[PDB]
Amino acid sequence: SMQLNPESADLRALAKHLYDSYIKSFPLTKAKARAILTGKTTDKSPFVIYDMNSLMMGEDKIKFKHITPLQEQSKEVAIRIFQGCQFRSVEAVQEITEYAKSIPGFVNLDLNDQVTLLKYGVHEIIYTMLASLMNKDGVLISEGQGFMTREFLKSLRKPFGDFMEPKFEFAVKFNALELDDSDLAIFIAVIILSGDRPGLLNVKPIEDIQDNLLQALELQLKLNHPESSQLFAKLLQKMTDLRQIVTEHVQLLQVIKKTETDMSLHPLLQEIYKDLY
Ligand SMILES: O=C(O)CSc1nc(Cl)cc(Nc2cccc3c2CCCC3)n1
Ligand SMILES: O=C(O)CSc1nc(Cl)cc(Nc2cccc3c2CCCC3)n1
């Protein structure tokens, strides 16, 4: 007995609020990323980076919110690509922070708890949303203007040759669930409002918001996905997979930070990583 009642109408309102906020926070949506990847888009085709030549032709075109325009970019391709990826992570943090502030209840939480939830949550969300940009062959870069191949990334010298591999492995399975932006908006909100992050001051108000988000997600998935009766349970499983991906990421960043003692790690990512370990 699923029903239309005031409770369901409020859960649908929350779902729409989250969708509308997601569209305002994240310029490259899954809908847009799929249209690019499938060809279906009428926008110009992205530039493809599939080898060292196309990498150099392509970079003659890549751009960031904060341009870092001196000999601040390493000469070595692998380190430069990795530093570009760090800049993209920091841009994603900024977008995800803006999204989180639109989640009803979030800005009323203690500001330390807001920062804690973002600190321990953002990488789970980054890899969730990175799957939107990925297919079997590669990943959209430069906000959908470019595409870099999976095998090109695998070709970078140790220890830079597999930092995206676990995320491609997560994405091909996650993408098979065929979530849309309306589903993802709620899924991401649920992950951010996790009461079991370390050092939270007020756990109950976070759990109370999450329980409401979880009810919203379960209703959205039942309405939006008539083809599965398992999709809610499967997404709960994906949330625990994402924590493993983030642990494995931190470990790899330790190996890199101890092999490549010369290359600079972005200091805001360092603040996050130091406690994620
Ligand atoms: O963040 C670091 O510590 C660098 S390692 C890293 N690994 C991955 Cl799997 C992704 C990613 N950056 C990113 C974040 C969001 C979007 C995109 C990208 C990297 C390029 C594709 C688009 N950065
Ligand atoms: O754009 C993404 O989503 C990936 S970031 C990335 N990917 C590639 Cl394949 C190359 C590259 N290059 C680079 C890194 C850091 C700074 C700069 C440059 C190239 C352009 C000049 C500034 N940066």
# chains A, B, ... in the order shown; residues from 1 in each chain; ligands from 1
$ residues_near_ligand --ligand "ligand 1" --cutoff "10 Å" --atoms "only C-alpha atoms and all ligand atoms" --output "number ranges by chain"
A: 81-93, 123, 125-134, 138-144, 146-148, 160, 162-168, 245-246, 249-250, 252-253, 265-266, 269-270, 272-273
$ closest_residue --among "A:101, A:32, A:150, A:238" --to "ligand 2" --atoms "only C-alpha atoms and all ligand atoms"
A:150
$ select_by_dssp --residues "stretch 59-277 of chain A" --states "alpha helix (DSSP H)" --output "ChimeraX atom specification"
/A:59,77-100,111-130,150-154,165-175,181-192,203-224,231-259,267-276
$ closest_residue --among "A:37, A:56, A:122, A:14" --to "ligand 2" --atoms "only C-alpha atoms and all ligand atoms"
A:56
$ closest_residue --among "A:156, A:4, A:115, A:23" --to "residue A:193" --atoms "only C-alpha atoms"
A:115
$ residues_around --residues "residue A:182" --least-positions-apart "4" --cutoff "12 Å" --atoms "only C-alpha atoms" --output "VMD selection string"
chain A and resid 12 14 to 23 29 to 31 178 186 to 189 216 to 217 219 to 221 223 to 225
$ closest_residue --among "A:192, A:33, A:200, A:62" --to "ligand 2" --atoms "only C-alpha atoms and all ligand atoms"
A:62
